[PDB]
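Since the structure comes first, as structure tokens, the remarks are kept for the end.
There are 2 protein chains.
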Amino acid sequence: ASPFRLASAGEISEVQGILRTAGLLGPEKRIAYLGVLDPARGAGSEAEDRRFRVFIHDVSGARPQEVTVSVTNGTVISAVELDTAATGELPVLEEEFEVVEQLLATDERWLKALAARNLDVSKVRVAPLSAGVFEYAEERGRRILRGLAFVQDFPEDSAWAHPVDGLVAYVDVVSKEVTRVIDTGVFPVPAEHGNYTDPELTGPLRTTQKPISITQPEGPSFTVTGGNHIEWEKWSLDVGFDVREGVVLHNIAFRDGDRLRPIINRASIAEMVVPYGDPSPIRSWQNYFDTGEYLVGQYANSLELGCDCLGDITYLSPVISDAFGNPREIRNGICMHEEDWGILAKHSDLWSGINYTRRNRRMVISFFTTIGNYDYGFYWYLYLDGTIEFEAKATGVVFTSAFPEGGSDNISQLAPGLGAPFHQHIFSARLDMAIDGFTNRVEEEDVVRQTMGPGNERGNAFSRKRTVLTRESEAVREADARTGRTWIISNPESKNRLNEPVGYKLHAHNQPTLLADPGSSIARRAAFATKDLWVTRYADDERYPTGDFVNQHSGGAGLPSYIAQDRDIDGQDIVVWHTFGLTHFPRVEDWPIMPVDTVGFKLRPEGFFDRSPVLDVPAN
Amino acid sequence: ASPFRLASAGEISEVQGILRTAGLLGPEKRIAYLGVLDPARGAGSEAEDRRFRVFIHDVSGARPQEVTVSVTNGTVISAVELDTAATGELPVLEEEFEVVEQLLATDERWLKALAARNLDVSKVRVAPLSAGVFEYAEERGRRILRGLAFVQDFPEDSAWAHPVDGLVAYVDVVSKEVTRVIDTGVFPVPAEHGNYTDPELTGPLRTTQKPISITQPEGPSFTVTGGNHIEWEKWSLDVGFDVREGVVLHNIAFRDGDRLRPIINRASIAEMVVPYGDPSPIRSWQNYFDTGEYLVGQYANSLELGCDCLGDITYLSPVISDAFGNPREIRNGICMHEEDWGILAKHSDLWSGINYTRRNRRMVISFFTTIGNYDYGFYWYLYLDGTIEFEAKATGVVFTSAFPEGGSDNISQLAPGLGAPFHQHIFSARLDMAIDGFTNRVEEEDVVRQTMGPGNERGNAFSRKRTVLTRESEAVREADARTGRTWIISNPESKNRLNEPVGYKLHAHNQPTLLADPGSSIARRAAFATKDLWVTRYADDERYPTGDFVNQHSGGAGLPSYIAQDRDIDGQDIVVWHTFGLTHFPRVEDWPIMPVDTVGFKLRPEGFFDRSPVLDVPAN
Ligand SMILES: [Cu+2]
Ligand SMILES: [Cu+2]
Ligand code: NA
Ligand code: NA
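First to last, the protein sequences are chains A and A'. A prime marks a further copy of an entry chain.
Residue numbers for the first sequence follow PDB author numbering, beginning at 9 and rising by one.
Residue numbers for the second sequence follow PDB author numbering, beginning at 9 and rising by one.
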């Protein structure tokens, strides 16, 4: 019944038939992206209109199209040819991963470089990497992928231990041409293996780990209705899934007594960028937008009970489309469960003699994704006390290079002759705010130091200042950990019983933002990442901080272009964009597979409730 | 057998007898502090010498003494009269808590102020607060406590909801004199109650929370031997307990294959300070060193299975001394258990087709303490991958005031007429480092931005710089979140297989440090808190960042005085002092009892192991 229900297999078959009868899905076509569109502002129209956005690629070489279709009304709504030299290529196709290794396997120049290194071609894996935009003018308009080579000694070998440095090729995957092959010098191929399941490397496994058993004998405290509508401990929300963004949260709300109070209309990780800091021309072009270029949702793992998700777990299995419009189920793609979170509140009073202790709990909603050497867990947490937290978990295998003779200021050595280039993982959270409704605004809050003097005779005083962001042109903000800087999203027209506007406070981790030079290509294409916080006026088509077509776009689209409109955000329908990430100087302990590292943010109520919202929690 | 074993009841009886026969523990004496001394550097002396340090107070008015005794040799080792006007008062006695309310209950000036507010004296609770050092010259040399009044409407009432503003008194607890009573004006006593167990306030309790069951059918994976020696998942350590510091960790080490590698010799929270930012003369003197002035260990709660500690929990019950030298057991004062911590490592490889997932685990060691309105949980965590984390959990009831007519820049309103002054909770972690032994050093690590140009043609490069701290005079460091600043403690004489010095990286949360004016009394007495990081050369008697006698000391002792020696720390026996804390602008949701807020730090291996140390973890 709900317009926010997950796309069904049936709905996706219907989309493929509508594109077929309309003659848009010919045998030369590929679906590069398919997703349900969110209902428009003011869903007061009786009965939904399930619409779908589709990106259609033409392998033969024709121009691609952007298509909207209504499955409610079996009709194509719009269909637009795209000039990709202008607005950007389409997302990388999964079938294109192999084409780079196969195109290179017959190229004369490729084989010359391999033979000079005594590499058997059937042993060389080639990674299909996004091209970006640089100085090669013949790439404009063309669908380009660059290739980096790794040696696999045998089928089960970890190729990441054997990079082939000094060598890169570029590939046009439509016309199937190796446009360039660059060989800047021979580097020794690192010899040590990195197979983390070889008893030779692991040694004997531990016998010391006794089991931890986490059960819920009466089942879980949350309920799911309609496929994806969660109700848990006064929280209410819909779990959506998009093949580009991954897990999306809609209609996050809190049942304060008898009325349902909205908090966030839509929450998602709307882009990630991984820029590399090795200035070597073999790699100085390396930057991946995993979300924008590859679509992280389509590589969601299936999560195993007992290994990935432990406890009483409820699964969701979202449906996406393959390149031909057939429905594909991702079995057990989303984990949801509650877990114990220690003490919520505690006090033993000397004067009343009353002792009081309550436990905290969190709702967990997660999925895990693999793009090549990288694996990423996306975790959303809901806590009893109203706090909302996001956490990214980064693991997998580090991207490797050779370690140069006598060192490097931009690469870490992980094993003899084996290096790891410096890089970042930067995420963009897009928070469509709905603090007690849609009239919201953002204040910046700084700690204020006071000087010893009149009115502050003992020099102990300190305060805080709040600056309202009224226009988009002044809502591009930087962190300042030293002054305790946070941001409050409030509703100026909704007050608590103290006659204060209700609000939520955003707590950032204050990690470094984009390190690249402001004149670089990557600072241009990933402008959102140069700043910690952006606020925009909501608009239906302002969906991604980089725009709709990241692959080989020349830069400027998305956030820098939205805020140019200089719209009013003082008490309006606004969207908060928060940049946060990890700056990774790889360590020996990251090799040969890396332990999880984490980064995130959280939002806590700030005068949203009239008292603590967890007075009614039992003792058990 | 171990010299780091917890003090026993027998040992404490023996201490009381030795002080008795020696005529130091007369009927006018009080033990204000008793603790075991750590073994000296080079414990190669066969058989230990269990020594004890004792602070002895004289209620009659004589001078107090500092005494060392050996229970191994039943002899007093040293005994020193103290000039407390010079070196500071002794810690606050527990029996002194009542004396302020009883001394004030017969004072003419106190009763005059109460009658002008129609307060029945038998209903007024008085909080015994530390005095600090300010402008009152008659306080030098005297044992002073200040008193703030709260109304209790009935025995089980929460007095914190009913502060009596505009009123403070000062009290000499030795001669029993009310030295001053200041009444700066009448404020309405806030009327709403804050009883969080009253069904009227809580409403009906939730019936929606189903149970979470955490069991270990084969028992826990860690072993305890000798009372307090932990071995768990290659970790090894001793859990100590001191009535001032609380839980202390000794001899933290990691079993890397066959050899036992030390990491940290001694870890403790060596001081906490809570400064208030309300400039009102009723409160502008308010600062508590809970550790230094009150001794947090002696207020450790007893932790209930199922409420405070959930799972398969092992308890320790430490023994301390009461004011008369009788042993007092704190039943179930320390919780230790392991808990599941999600995914440790994960990768699905496209080319090898191998799927790999491991879970992480943490060892938990905690206690909980109550000082008046405040409750604090101290958590030390040990992780499979070598990470060490500390976490403070702050809860209890916020300290309250009246909320003034038409607002305040230094106080939050929590209920009609009820305010909460701004304040901080600042902790000092003292880390006696032993990275693969005692030759250690500290480098500061900053991210380095590079300009687009020659050698960096595409403007993508970035690097990092490490600055060695060689003398104490240059080891007073500040955070800088914007440049990713961290600190590495390494051993220049111990290398990994890449010929890099092994090391651990300290990750700080980068919260604001002491906000008070640098000329304030509190910036003088709490100098450690004005800076994020200090490094000192180890010395037996350099134990606390504030010195041994915090109560009413005029300032400068501890860290600022140690570093003046300008000793060498480049490859030496060093101690790291890390300042971290919470800046608390109270919110409505903090009332009437506050949900937990957290702050901490962590240390991760940085080239300490030759590869990942968790390759040998099973799948289960
Ligand atoms: Cu990384
Ligand atoms: Cu506080
Ligand atoms: Na909004
Ligand atoms: Na040391």
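Idealized CB from N, CA, C, for every residue including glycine.
Within the stretch 325-357 of chain A', those residues whose Cβ lies closer than 8 angstroms to any Cβ of chain A are, in chain order, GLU346, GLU347, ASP348, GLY350, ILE351, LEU352, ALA353, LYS354, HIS355, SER356, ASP357. Counting C-beta atoms within 10 angstroms of its own C-beta, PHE297 (chain A') has 16 or more neighbours from the protein chains shown and is therefore classed as buried.
Taking all protein chains in view, the Cβ of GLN421 (chain A) is crowded by 16 or more other Cβ atoms within 10 Å, so the residue is classified as buried. The residue from A:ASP191, A:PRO553, A:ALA139 with its alpha-carbon nearest to that of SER436 (chain A) is A:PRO553. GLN110 (chain A) sits exposed, since fewer than 16 C-beta atoms from the chains shown fall within 10 Å of its C-beta. When secondary structure is reduced to three states using DSSP, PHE536 (chain A') falls in the helix class.
Within the stretch 417-430 of chain A, the residues whose Cβ lies closer than 7 angstroms to any Cβ of chain A' are, in chain order, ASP417, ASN418, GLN421, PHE430. Contact between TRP388 (chain A) and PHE398 (chain A) is confirmed by a C-beta separation of about 6 angstroms, below the 8 angstroms threshold. Of the heavy atoms belonging to ligand 4, at least one sits nearer than 6 angstroms to the Cβ of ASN273 (chain A').
In the DSSP assignment, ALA40 (chain A') falls within the unbroken beta strand (DSSP E) covering 37-44. For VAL558 (chain A'), the three-state secondary structure derived from DSSP is coil. Considering only A':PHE63, A':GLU337, A':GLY579, A':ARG533, the residue with the shortest C-alpha distance to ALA442 (chain A') is A':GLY579. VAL327 (chain A) has A:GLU337 as its beta-bridge partners, per DSSP. Its chain contains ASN418 as the residues whose beta carbon lies nearer than 7 angstroms to that of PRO287 (chain A'), once the 5 sequence neighbours on both sides are disregarded; these appear in chain order.
In the three-state reduction of the DSSP assignment, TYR204 (chain A) falls in the coil class, being assigned neither a helical nor a strand state.
Listed by position along the chain, the residues with Cβ atoms less than 7 angstroms from a non-hydrogen atom of ligand 1 are A:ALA402, A:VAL406, A:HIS431, A:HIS433, A:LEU590, A:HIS592, A:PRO594. The stretch 350-361 of chain A' and the stretch 314-326 of chain A' do not touch, with fewer than 3 CB-CB distances between them shorter than 8 angstroms. Around the beta-carbon of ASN507 (chain A), fewer than 16 other beta-carbon atoms lie within 10 Å, marking it exposed. Your pair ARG449 (chain A') and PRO500 (chain A') checks out as a contact, with CB atoms roughly 6 angstroms apart and the cut at 8 angstroms. Judged by beta-carbon spacing, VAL100 (chain A) lies beyond the 7 angstroms limit of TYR307 (chain A), meaning their Cβ atoms are not closer than that value. Pairwise C-beta distances place the stretch 450-470 of chain A out of contact with the stretch 525-536 of chain A, as fewer than three of them are shorter than 8 angstroms. Every residue whose beta carbon comes nearer than 7 angstroms to a heavy atom of ligand 3 appears here in chain order: A:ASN273, A:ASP440, A:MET441, A:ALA442, A:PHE446, A:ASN448, A:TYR546, A:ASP581, A:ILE582, A:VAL583. Shown here, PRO283 (chain A') sits in a strand according to DSSP, grouped into three states. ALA487, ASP488, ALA489, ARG490, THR491, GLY492, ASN504, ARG505, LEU506, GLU508, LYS513: these are the residues of the stretch 487-515 of chain A whose beta carbon lies less than 9 angstroms from some beta carbon of chain A', given in chain order. For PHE386 (chain A), the enclosing beta strand (DSSP E) starts and ends at 382-391.
Cβ-Cβ distances below 6 angstroms link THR365 (chain A) to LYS354 in the same chain, with the five nearest sequence neighbours on each side left out; the list follows chain order. Where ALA121 (chain A') is concerned, the enclosing alpha helix (DSSP H) starts and stops at 116-123. Taking a 10 Å sphere around the C-beta of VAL88 (chain A), we find fewer than 16 other C-beta atoms and assign the residue as exposed.
Beta-bridge partners assigned by DSSP to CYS343 (chain A): A:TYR323, A:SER374. For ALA167 (chain A), the neighbours in chain A' by C-beta distance under 7 angstroms run, in chain order, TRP359. Taking 7 angstroms as the cut-off, the Cβ atoms of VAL44 (chain A') and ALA15 (chain A') count as close. Cβ proximity to chain A' below 8 angstroms picks out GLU241 from the stretch 239-251 of chain A.
Excluding residues up to 5 positions away in sequence, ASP320, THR322, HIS345, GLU346 lie with their Cβ nearer than 8 angstroms to the Cβ of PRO228 (chain A) in the same chain.
The residue from A':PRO462, A':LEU122, A':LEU112 with its alpha-carbon nearest to that of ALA135 (chain A') is A':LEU112. Cα atoms of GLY414 (chain A) and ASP266 (chain A'): separation of roughly 32 angstroms, rounded to the nearest angstrom. For the pair of segments examined, the stretch 183-193 of chain A was found to touch the stretch 111-128 of chain A: the number of CB pairs separated by less than 8 angstroms reaches three.
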